[PDB]
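Before any questions on how it binds or moves, here is one chain, the form deposited in one PDB entry, in structure tokens.
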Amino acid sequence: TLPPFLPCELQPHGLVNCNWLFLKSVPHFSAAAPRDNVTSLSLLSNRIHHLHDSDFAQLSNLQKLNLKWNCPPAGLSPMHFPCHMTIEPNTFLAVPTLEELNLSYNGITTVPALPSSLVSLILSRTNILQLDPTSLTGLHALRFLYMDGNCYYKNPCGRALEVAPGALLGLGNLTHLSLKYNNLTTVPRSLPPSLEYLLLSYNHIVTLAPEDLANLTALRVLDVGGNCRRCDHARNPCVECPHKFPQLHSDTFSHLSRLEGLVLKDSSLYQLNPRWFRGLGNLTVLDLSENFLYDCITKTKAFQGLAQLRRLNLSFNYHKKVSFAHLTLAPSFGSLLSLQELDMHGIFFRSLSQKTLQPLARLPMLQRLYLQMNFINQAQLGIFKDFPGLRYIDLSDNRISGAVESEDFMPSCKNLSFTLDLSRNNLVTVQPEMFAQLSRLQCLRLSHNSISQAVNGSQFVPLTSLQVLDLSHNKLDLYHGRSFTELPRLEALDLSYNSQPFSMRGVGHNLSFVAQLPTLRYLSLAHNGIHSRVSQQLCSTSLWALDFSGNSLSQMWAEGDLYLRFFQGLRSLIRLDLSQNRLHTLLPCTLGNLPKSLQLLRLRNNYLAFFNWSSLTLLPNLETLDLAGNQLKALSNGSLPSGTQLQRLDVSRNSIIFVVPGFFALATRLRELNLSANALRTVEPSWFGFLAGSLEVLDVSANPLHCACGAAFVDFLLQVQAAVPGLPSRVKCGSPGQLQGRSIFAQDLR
């Protein structure tokens, strides 16, 4: 039986997904199909320029409708094609259940009439240039109104969006209003007193006063950032904040005593007025980024009163054309007792010392501290020792060079207690002295440095708690036998993209150190170009995962018996990646010399044209085999052998022409099978024995299927349509004639 909503896809929680099917108008569906069960209808990015009274009438319990991007204005059109969208008056009224509507990135100039059931309405990036009380008649349940970007550089209108005084007061439930990028020069008068979130960013409201926010006592979040911009920091087109602006009256925010978040970023602020923050005793988030407060953060008392503040963003508060020799934070910072998160990135200051952060040192909740992109070239890292609650320091993209004068394969540092990011700095060696006071560290990132050192066991001596060490994108020379043995708790070590030593033709390298790292569980040697003159064996009793991708086992395994047992000493290894190893061939003895313990083997993006499938019994525990991106011409040369434990098999992006009968039949555990992007002209139940109904996933997309009248595959795919992702739209015909490139369901074949 067919999929119930062609050409669209049924999904969980009653979602019918019609996205990206290039529809010229709204599909009505079959009258047999259960239009009652439909709670959400997605039509993202089709080309429906005309909506009608009948289009949603049969959908009697529709709660959500997304029609975004269907008829975008000239300015947001990839090729500046104009487009104006027509809506018959009862289009939406005929859906009295509708709660959420999205008409963004569509060419409409008036708001259509809408059912009183509506809770959320998104009109962003339209050409609606006015809102008067008649726009939103009888929407007494409406809580959300987003209408950003109806007049800006990418969707211009020649004037300002005019919202009439009092025009929204009819919306007594309204909590969220956003009117960004609308070329506004003043806040709309008399907005709903129910408002909790008022977002007015990237307009040109250069003046504010308490009259501009009258009766808005319910406000929890106000955003007025980007109204008076510093264009020296802009990535997009930008008009410079005029001379002697902006003007924010002292008491502007005083009646807003529920206010949790205030955003004043990119407002060209040279000085903070402590009266701006009087009365804001619920204030937990303050964004002051992209201002000119480099000098004001050394002196100001403006923070004194902010007992509840948790996140303070002071980033990109830099002085034009300069970095500072020194920076000393104001003593007032020391009263921010609730502070958890401080962003100081992009201020530009050359020295990080005891004096720089002294106020912050006894704040008991301070966990996250962002210090990146500051052109810092001296940094006493010992300053962080006695910070009571520190979990994360980002010191990346700085100029520090020393001490002062898939998580299957590589775990992240998120669940760990203390992480220092020193990546994208100028270290050429590692002096143990710079980490003397950081013995509590559990994760250290040192990637993208210039480390050209022959490490030997004496570089990281103090880091007695360190579990993860990322040294990717460096030039470590792996040669001495006791490198890293000084890190007693080391569990994960990333040595990827440290290729330059291994490119040194005629100079060999020694990986015997790996055997001396007794708790190492994860090791990456990826993208190192490892090809000749290296250790014959990797030995480790403890290792679980090894990313050996982007090397040339090809050249190693071509070189007599020298490297045939290369991975065999990894006695506990469960995951191995041998992808992009230029492998044109594999011996069955080479695969048998892999650890018996293996569960995941990747061989993606190699050049294998042949695979002796029987040799999979030499890996008893193998659950996942990835051969994507090879050149298999067929699934043949035996079948998947008896008793294999294989659950996942990916033979996508090969040149597979056919599959032998009974090929998967003996793979009793096989759940996911990817046959995508091959040259398969059919799909057959004969391939599976008669056990295809146990497959949870069967991807057969981008295959040049032969769409002939009464073809066997059509009936088959409907048998197991549960498991075929994208069946309604992305499984396509390669022949005959007219049908090439069109869906299998573009015409009924049965």
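Rigid core: the largest C-alpha set superposing within 1.5 Å between the two forms. Only residues modelled in both forms are compared. Throughout, we count residues from 1 along the sequence that is shown.
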item	value
Flanks modelled, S676 absent in at least a third of other entries	no
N106: gap in at least one third of other compared structures	no
Where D561 meets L562 in the shown sequence, the number of deposited residues left unmodelled	none
Entry-level comparison of average CA B-factors, 158 to 166 and 426 to 434, reporting the higher stretch	158 to 166
Which of 488 to 496 and 74 to 82 has higher mean CA B factor, as the PDB entry lists it	74 to 82
Options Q378, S452, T137, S540 - largest CA temperature factor per the record	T137
Most elevated Cα B-factor in the entry, residues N678, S190, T519, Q467	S190
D421 by Cα B-factor - lowest, middle or highest third of the modelled chain	lowest
Third assignment of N510 from its chain's C-alpha B-factors	lowest
CA B-factor ranking of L444, expressed as a third of its chain	lowest
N703 - Cα temperature factor, lowest/middle/highest third of chain	middle
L269, C-alpha B-factor rank within chain (lowest, middle or highest third)	middle
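One more form of this protein, deposited in another entry, exists but is not displayed; see below.
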| query | finding |
| --- | --- |
| Sole member of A234, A209, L169, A436 with a C-alpha shift of at least 2 Å between the shown form and the other one (core-superposed) | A234 |
| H509 C-alpha relocation of at least 2 Å between the shown form and the other one, rigid core basis | yes |
| Core fit, then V322 C-alpha moves 2 Å or more between the shown form and the other one | yes |
| Rigid-core frame, C-alpha of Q247, shift of 2 angstroms or more between the shown form and the other one | no |
| Cα-Cα shift for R505 and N581, closer or farther in that other deposited form, minimum 3 Å | farther |
| Closer or farther in that other deposited form, the Cα atoms of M504 and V430, when the shift from this form is 3 Å or more | closer |
| Taking the rigid core as reference, consecutive runs of 3 or more residues that move 2 angstroms or more in Cα between the shown form and the other one | 233 to 236, 321 to 326, 478 to 480, 500 to 510, 747 to 750 |
